[PDB]
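Note sheet for the following structure.
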Amino acid sequence: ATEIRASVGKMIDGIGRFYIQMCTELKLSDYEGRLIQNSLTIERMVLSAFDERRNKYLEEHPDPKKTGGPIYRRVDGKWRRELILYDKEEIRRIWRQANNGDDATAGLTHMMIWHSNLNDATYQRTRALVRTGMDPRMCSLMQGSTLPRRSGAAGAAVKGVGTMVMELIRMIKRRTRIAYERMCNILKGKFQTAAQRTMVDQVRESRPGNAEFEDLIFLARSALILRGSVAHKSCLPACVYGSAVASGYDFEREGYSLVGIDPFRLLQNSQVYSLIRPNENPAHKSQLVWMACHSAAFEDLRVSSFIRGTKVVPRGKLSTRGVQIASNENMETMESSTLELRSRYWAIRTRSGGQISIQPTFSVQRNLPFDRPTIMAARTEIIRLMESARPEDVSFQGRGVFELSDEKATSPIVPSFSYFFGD
Amino acid sequence: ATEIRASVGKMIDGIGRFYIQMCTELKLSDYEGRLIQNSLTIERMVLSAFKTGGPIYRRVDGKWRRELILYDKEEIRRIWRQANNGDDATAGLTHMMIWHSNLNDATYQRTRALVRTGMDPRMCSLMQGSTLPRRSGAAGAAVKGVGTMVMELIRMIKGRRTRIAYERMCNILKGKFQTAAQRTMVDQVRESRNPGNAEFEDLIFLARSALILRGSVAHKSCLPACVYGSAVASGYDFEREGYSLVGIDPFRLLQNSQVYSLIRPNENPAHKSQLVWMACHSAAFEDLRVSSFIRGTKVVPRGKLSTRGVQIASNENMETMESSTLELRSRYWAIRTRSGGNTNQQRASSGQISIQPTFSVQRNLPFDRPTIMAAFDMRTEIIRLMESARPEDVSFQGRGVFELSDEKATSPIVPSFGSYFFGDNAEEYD
Amino acid sequence: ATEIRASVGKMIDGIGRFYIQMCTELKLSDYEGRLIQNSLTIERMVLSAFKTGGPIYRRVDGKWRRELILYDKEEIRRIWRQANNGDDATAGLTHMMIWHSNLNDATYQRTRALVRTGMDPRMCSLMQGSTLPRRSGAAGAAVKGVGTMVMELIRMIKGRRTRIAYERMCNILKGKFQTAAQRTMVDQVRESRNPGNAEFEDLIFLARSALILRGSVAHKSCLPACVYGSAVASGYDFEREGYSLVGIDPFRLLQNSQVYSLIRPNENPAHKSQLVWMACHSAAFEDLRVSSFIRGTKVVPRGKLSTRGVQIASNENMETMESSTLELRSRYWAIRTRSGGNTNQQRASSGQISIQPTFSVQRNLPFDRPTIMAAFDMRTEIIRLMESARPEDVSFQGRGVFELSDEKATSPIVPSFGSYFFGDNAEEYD
Ligand SMILES: COc1ccccc1-c1noc(C)c1C(=O)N1CCN(c2ccc([N+](=O)[O-])cc2Cl)CC1
Ligand SMILES: COc1ccccc1-c1noc(C)c1C(=O)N1CCN(c2ccc([N+](=O)[O-])cc2Cl)CC1
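Residue numbers (the deposited numbering), protein chains in the order written: chain B, 22 to 83, 88 to 199, 214 to 246, 248 to 393, 404 to 428, 441 to 479, 486 to 491; chain A, 22 to 71, 91 to 198, 212 to 429, 439 to 479, 485 to 497; chain A', 22 to 71, 91 to 198, 212 to 429, 439 to 479, 485 to 497. A prime marks a further copy of an entry chain.
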C-alpha cells in the first residue's frame with residue numbers, strides 16, 4: 022500500500038528533521054553529524070528525555090532536568106570528546122516540532138530497534154541467559170532482548186522467541216495478569232506449528249511454577265529447529281535519515297519501507313563515519329554496522345556474504361570492538377574512517393522462520419532426491447517434529463536476491479552453497 | 022611544499038565557495054548539485070563569462105527535467121571574484137579548464153584534428169590538453185603533451214607578437230624533452246626565420262620520437278567543482294589542511310565524495326564510472342595495467358565501454374534518463390608524475406635476451422630478435447637513441463602504489479605484472 | 022543473383038542425379054553411398070573419364105570390405121551427360137575438382153613442390169588450388185591462390214600457344230592483386246620477350262608481397278557428391294530453390310546432412326571431422342580463431358590432429374577399419390569472401406601505439422616498436447607499402463557471422479578476440 026509506505030516515510034522524515042535541528046543546535050559539522058558516535062549520543066538524548074519511568078523517578082528523588094552523553098568534534102587536527110548537558114524539555118520540544126506537533130512514539134521505537142540490532146551484532150548475552158534459567162547457546166533466539174517490556178507494536182514484532190521466553194520466566198520467578220496474558224499471545228503468534236502454539240495456551244491459562253517454567257524452556261529449545269515468526273527491520277542510524285532529508289529526499293512523498301529495497305537504496309547513497317581504535321580494521325567495523333543495519337546478527341554468514349559481496353566473518357575472528365567509545369579511552373590515538381555499508385545485492389526481510407519425488411530411468415550412481423517434509427508430514443509431537451527436520455532441508459523455495467537496479471521483485475537470483489557467534 | 026599546499030588549498034576553497042553560491046542561486050538540492058551534468062554547466066558558465093547559460097537538470101515529479109537558464113556574464117564574473125576573496129583568481133579557472141581537458145582526453149579521440157595538422161592519428165598519448173586553448177595558464181602549459189605542443193606549432197606555421218608566441222611555445226616544448234638531442238632540434242626550429250615545411254617536418258619527427266623518448270608532461274587530478282563545493286559545505290577547510298593535485302589529497306577527497314550522473318537507456322553505469330575516474334586522475338593515456346591495479350577493478354579500453362559522453366545533448370529526450378552513483382573510488386593511490394620515464398643514462402643494462410640449451414629436448418630456442426639485431439646529425443642521433451630503447455625497459459625504479467591510510471607515502475607497493488585505452492577500434496586491434 | 026542461383030542450382034542438381042545413378046549401379050546402401058571414401062572414388066572415376093576404377097567399400101558380414109571394380113570411361117561419360125540433361129556439363133566437373141583441391145589443401149603441405157620451383161615453403165597460405173591442374177575452369181582460376189599462380193608461371197619459365218597461355222596466366226594473377234604497384238609488376242613480367250630469371254625473381258617478390266598485401270582469391274564451399282546426391286534423393290530441388298557456394302546454402306545443407314568416414318585404429322573421429330569441415334568450406338588457410346568461432350568447437354592446427362588423410366590406401370588392411378559419423382555442422386555461418394582484405398586506401402589510422410605515464414609507479418613503458426620505427439621503382443613502392451601494414455590492422459569492417467536461422471544475413475555478429488593451421492610442425496612453432 023502507498024498509505025503504509027507513506028506513514029512509514031512520515032516517521033523517517035521526522036527522525037531526519039529532528040537530527041538536522043539537533044545537529045545545528047550542537048553546531049556540528051556535516052561530517053561530524055555523520056559520525057555514528059554522535060548519532061548514537063543524539064539518539065540516546067531523545068530516548069532519555071522521553072524515558073517516563075526514569076523522569077518520574079528523578080522528580081521523586083531530587088540535575089534531573091538535563092540529559093547528556095559524549096559528543097565528538099575535530100579540533101586542531103585531533104578528535105576531542107566532550108560531555109554535553111542539554112535540557113530535556115527542549116529536546117522533547119525539538120522532537121515534537123520535527124514530527125509536526127506529535128509525540129510520535131513510533132519514531133522513537135524505530136531508533137530503539139536500531140540500537141537493539143546493534144547490540145545483537147556486537148554482544149553475545151550469555152550472562153543474562155544463565156541467570157534466567159536457560160541455555161547460553163539459545164542466543165539465536167534473543168533478538169530484541171535489550172529492548173524494554175512495553176516497547177510498542179513494532180518492538181513486539183522484532184523480539185525473538187527466546188526474548189519472549191526470558192521475559193515470561195522472569196515474571197513466573199517473581214493488573215499484571217493482563218500483561219502476562221498479553222505477552223503469551225505475542226509468543227503464541229510467533230510459533231508456526233499448531234503443536235507449539237497449543238503448548239503455549241496451557242502455559243497461558245494458569246494461575248505458574250516449575251511445570252510452566254519447564255514448558256517455556258522446552259518451547260524455546262524447540263524454536264532452534266521449529267523456528268518462530270520473528271520480524272526483521274532495517275533501522276538505520278538517525279544521521280543516515282538526517283542527511284537524506286538534508287540533501288533533498290522526501291520520504292513522505294517517495295514513501296519508504298523497512299523490509300523492502302528502500303534501506304539498501306538509501307545506504308548506497310549514504311556516507312557514515314566511525315571512530316577507530318589504534319589496532320582495529322575498518323572493514324570489520326563496517327561489517328558489524330552493516331549487520332546491525334539489516335538485523336543480520338543471527339543470520340547464516342553465507343547468505344549475508346552473498347548479499348554483501350565481501351566475506352562476512354564470524355564474531356570471534358573480527359578485528360574490532362564495539363562502536364561506542366568508553367570514557368576511559370584515549371582520544372589522542374582515535375582516527376575517523378568511512379563505514380562501508382553498501383551491498384552487491386538486496387533481499388526482502390522475512391517475518392517467517404508439482405513433482406515431489408523422482409523416478410529413476412537410467413542406471414547411474416547418484417542420490418534419489420525427494421522433498422521429505424511435504425511427503426512425511428501427510441510435548442510428544444514436538445520431539446516427533448524436531449527429529450524429522452534436517453539441517454539440509456531447504457526453506458524459502460524459489461526466493462532469491464535482487465540487483466540494486468531491480469526496484470520490484472522481478473528477477474530473483476538463487477545462490478548455490486555459518487554462525488556469527490560460533491565456537 | 023607547505024606554501025604550495027597553501028595556495029592550491031586556496032584556489033580549491035574558492036572553487037568550492039563559488040559552487041555552493043551557484044547552487045543556492047539556482048535553488049538546487051544537494052543531490053542535484055552533485056549531479057556531474059549540473060556541475061559541468063556551472064563550470065562552463067564561469068569559463069564562458071571570462091549572457092551565458094546551459095542545461096540544468098532537476099528532479100521534478102519523479103522525472104528528470106531539462107531547463108536552459110541564462111545569466112549575465114557580469115553577474116557570474118562578480119560571483120567568482122567574490123567567492124575568491126576579492127582576487128580575479130585566474131588559477132582556479134584554468135583548474136576547471138584542465139578538468140574539462142582531462143575529461144575530453146578520456147572521452148574523445150581527436151583524429152580529424154590530427155590529420156588536418158598532418159599528424160599521425162596514432163599519436164593519442166601525446167595529445168593531453170589538446171582541447172585546451174592556445175595560451176592557457178602556466179598550469180595549462182605544464183599539462184599539455186608533446187603532440188599538443190607540436191600541433192599548436194604547426195597551426196602557427198600554417212603584428213610581430215606572432216614571433217614571441219612562436220618562441221614561447223618552442224621553449225614550452227623544449228622544456229618537456231628529456232634528451233639534449235631533442236632539445237637541440239627545437240632550438241633549430243625556433244632559431245628559424247620565416248618557419249615553413251622544414252620546421253613542420255622537424256616537428257613531426259620530434260612527435261614520433263616522443264612515443265619512445267617520452268617527454269615530461271604534468272598530470273593533475275582535477276575534479277568537477279561539485280566535489281570541491283560539497284567538501285567545503287560539509288566542513289572541510291582546504292586552506293587549513295592544504296591541498297595537492299599530485300599527492301594523496303584528491304584520492305582521499307573522492308573516497309569521501311559521492312557524485313551522480315545521468316545515464317542513457319543502453320549504458321552501463323560502471324563504464325560511465327571508469328570514464329570519469331580516468332578523467333579525474335588524468336589517466337586517459339596511462340597503461341591500463343597500472344590504472345586497473347590502482348583502481349582495484351579492471352580498466353577496460355574505450356571501444357569496449359558501453360557508454361557515450363558525459364554531457365547530454367538538447368536533442369535527446371529526458372523522459373528516458375535515469376540517474377546513477379558514479380564509482381570514483383580506488384583500491385590504492387599513487388603519486389601523479391611529471392616524468393616521461395627513462396630516456397637516457399644507459400648505465401649498463403643487466404638482463405637476459407637469449408638462452409643456452411642445457412638439455413637435449415625438442416623445442417624452439419627463444420631470443421630477443423629486435424634487441425640483438427639493433428646493434429647492427440641531431441636527427442640520426444635521435445634515431446640511434448630510440449633504436450636502443452626497448453618496450454621491456456623499466457621506469458620509475460623503486461616507486462609504487464600506496465594504501466589510502468599511508469598518508470605520508472611510507473610503504474610503496476611495487477606491482478607484479485591491454486595497455487592502450489584507444490587501442491581497441493574498428494580499424495586497429497592494439 | 023537469381024540467375025546465378027539458377028545455374029549453380031542446376032549443376033549441383035546434376036552432380037546429385039549422377040551420384041544417385043552411380044549408387045544404384047553399384048548396389049550400394051544409402052549409408053554406404055554416404056561414406057566419404059565411396060564418394061571420392063566415384064568422383065575420381067568421372068574426372069578420370071573426362091577403363092576407370094578405384095576402391096569401393098561395403099559392409100559385408102559385420103566387417104568393412106574393399107573391392108576395386110572397373111568401368112568403361114565411355115559408359116561413365118554417358119551417365120554424366122545424361123544426368124546433366126544432355127549437356128556436356130563441364131562446370132559440375134570442375135566443382136568436384138575444387139572440392140578435391142580444398143581437401144588436398146587441408147590434408148597435405150606441398151613443400152617439396154615449393155622448393156623445386158624455388159619458392160619459400162612458408163607460402164602455404166598462397167597455395168589454394170595448387171593440386172588443381174593448369175588450365176582448370178574459370179571457377180578453378182578464381183579459386184587459385186597467388187602462390188599457385190606464381191608456381192605455375194615459373195614452371196612455364198623453366212608452338213606459340215605457349216605464349217598465350219603464359220599471358221592468360223599473367224592476367225589471372227594480375228586480376229588478383231589489389232594494388233596498382235603489384236599489377237604494374239605483372240605487366241612487366243608479361244610484356245617480357247623470352248622470359249627467364251628476371252621474371253622468376255619478380256614472381257618470387259610478388260609472392261612474398263602477397264603475404265602482407267594479400268590478393269583476391271575466391272573461396273567456394275564445395276561438398277562431396279554424396280551430400281548433393283543424398284539431398285536430391287530426399288526431395289530437395291536445387292533448381293527450384295537455387296544454390297550458392299558463398300552464401301548460407303552449403304552451411305544449411307551440411308546441417309541437414311550426415312556423412313560417414315572410415316577411421317583407422319589410432320585416429321580421433323573428431324579430428325577427422327575438423328579436416329573435412331575445413332575442406333568443405335575452403336578453410337585450410339583461414340585464421341584458426343575465426344574457423345573455431347564459426348564452427349563452435351576449437352579448430353586445432355594440423356600437427357596436433359590425430360588423423361591421417363581421408364583416403365585409405367590399398368596397402369593397409371580392412372580388418373581393423375571402423376566407420377564413424379563426420380561432424381560437419383557449425384554454430385554460426387559466414388559469407389565466403391573473394392577479398393584478400395585491406396591493402397591500401399590508408400585513410401588516416403586512428404589508434405594508440407604508446408602510453409604516457411600518469412602515475413609514479415615502477416613498470417615497463419610499452420610501445421609498438423616496429424610501427425614507430427617504420428617511418429624511418440615499382441619494387442621499392444611495394445616494400446614501402448608492406449612496411450606500412452601492421453598485423454593489427456582490421457579488415458572486413460562491419461561484417462560478421464550469422465545464426466543459421468538468419469537466412470538473409472540481417473544481423474551480423476562481430477566476434478571479440485593459434486592462427487596458422489600449418490604452423491605447428493617439427494621444424495617451426497608458429
Ligand atoms: C532518482 O534520484 C532521486 C530520487 C529522489 C530524490 C532525489 C533524487 C536525486 N536528485 O538528484 C540526484 C542526483 C538524485 C539521485 O540520483 N539520487 C538521490 C536519491 N537516491 C535515493 C533513492 C532511494 C532512497 N530510498 O531510501 O529508497 C534514498 C535515496 Cl537518498 C537515489 C540517488
Ligand atoms: C579526520 O576527519 C576529518 C578531517 C578533516 C575535516 C573533517 C574531518 C571529519 N569530520 O567528521 C568526520 C566524520 C570526518 C572524517 O572522518 N572525514 C572528513 C574529511 N576527509 C577528508 C580527508 C582528506 C581530504 N583531502 O582532500 O585530502 C578530503 C576529505 Cl573530505 C576524511 C574523512
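For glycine and all other residues, C-beta sits at the position ideal for the given N, C-alpha and C.
- Non-local C-beta neighbours of B:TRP139 in its own chain, meaning closer than 6 Å and more than five positions away in sequence, comprise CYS275, ordered along the chain.
- Spanning the alpha carbons of A:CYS279 and A:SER60 requires a straight line of approximately 6 Å.
- For the segment 236 to 255 of chain A', there are no residues whose beta carbon sits under 9 Å from a beta carbon of chain A.
- By the rule that beta-carbons nearer than 8 Å mark a contact, A:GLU53 touches chain B.
- Closest in alpha carbon position to A:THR147, among A:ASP497, A:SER413, A:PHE488 and A:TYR496, is A:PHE488.
- Contact check for B:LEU466 and B:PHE304: beta-carbon distance about 7 Å, within the 8 Å limit, so the pair qualifies.
- Within its own chain, the residues whose Cβ lies closer than 6 Å to the Cβ of A:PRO477, once the five positions on either side in sequence are excluded, are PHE346, listed in chain order.
- Taking a 10 Å sphere around the C-beta of A:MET426, we find fewer than 16 other C-beta atoms and assign the residue as exposed.
- For A:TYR313, the distance from the CB to the nearest heavy atom of ligand 1 is below 7 Å.
- Linking A':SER367 to A':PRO95 through their CA atoms gives a straight-line distance of about 8 Å.
- Three or more pairs of CB atoms, one per stretch, sit closer than 8 Å, so the segment 33 to 45 of chain A' contacts the segment 279 to 288 of chain A'.
- Closest by C-alpha distance to A':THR424, out of A':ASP497, A':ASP455 and A':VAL100, is A':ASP455.
- The beta carbons of B:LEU166 and B:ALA271 sit no closer together than 8 Å.
- For the alpha helix (DSSP H) assignment, the uninterrupted runs of no fewer than 4 residues enclosed by the segment 261 to 304 of chain A are, from N- to C-terminal side, 278 to 287 and 291 to 294.
- Of B:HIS334, B:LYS90 and B:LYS227, the smallest CA-CA separation from B:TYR111 is found for B:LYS90.
- In this structure, B:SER486 is the residue among B:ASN417, B:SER486, B:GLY158 and B:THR472 with its C-alpha nearest to the C-alpha of B:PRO453.
- Between A':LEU418 and A:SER457, the C-beta spacing is below 8 Å.
- In the structure shown, A:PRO423 adopts helical secondary structure according to DSSP, grouped into three states.
- What A:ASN492 touches in chain A', judged by beta-carbon distance under 7 Å, is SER403 and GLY404, going in chain order.
- Using a cutoff of 7 Å, the CB of B:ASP468 does not count as near ligand 1, since none of the ligand's heavy atoms is closer than that.
- The beta carbons of A':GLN405 and A:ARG162 sit closer together than 8 Å.
- For A:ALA284, the CB falls within less than 7 Å of some heavy atom of ligand 2.
- Not a single heavy atom of ligand 1 lies less than 7 Å from the C-beta of B:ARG236.
- DSSP places B:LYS103 inside the beta strand (DSSP E), whose first and last residues are 103 to 112.
- Annotation: Cβ neighbours of A':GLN415 in chain A (cutoff 7 Å, chain order): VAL456, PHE458, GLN459, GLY460, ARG461, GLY462 and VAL476.
- Taking a Cβ-Cβ cut-off of 9 Å, the neighbours of A:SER335 in chain A' comprise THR411, given in sequence order.
- Cβ contact annotation for B:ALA70 (same chain, cutoff 7 Å, sequence separation greater than five): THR92, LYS113, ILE116 and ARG117, in chain order.
- In the three-state reduction of the DSSP assignment, A':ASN368 falls in the coil class.
- For the segment 283 to 313 of chain A, the set of residues with a beta-carbon nearer than 8 Å to any beta-carbon of chain B comprises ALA286, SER287, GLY288, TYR289, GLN308, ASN309 and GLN311, in chain order.
- The segment 141 to 189 of chain A is shown to contain whole alpha helix (DSSP H) runs of 4 or more residues at 151 to 156 and 178 to 183, in chain order.
- Here the distance from the Cβ of A:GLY288 to the nearest heavy atom of ligand 2 is below 7 Å.
- Within 7 Å of the C-beta of A:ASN309 there is at least one heavy atom belonging to ligand 2.
- Taking a cut-off of 8 Å on C-beta distances, the segment 440 to 451 of chain A' does not touch the segment 324 to 335 of chain A', as fewer than three cross pairs fall below it.
- The beta carbon of A':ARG175 is closer than 8 Å to those of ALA218 in its chain, skipping five residues each way along the sequence.
- Between A':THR130 and A':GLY169, the gap from beta carbon to beta carbon reaches 8 Å or more.
- Bridge partners of A:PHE488 according to DSSP: none are assigned.
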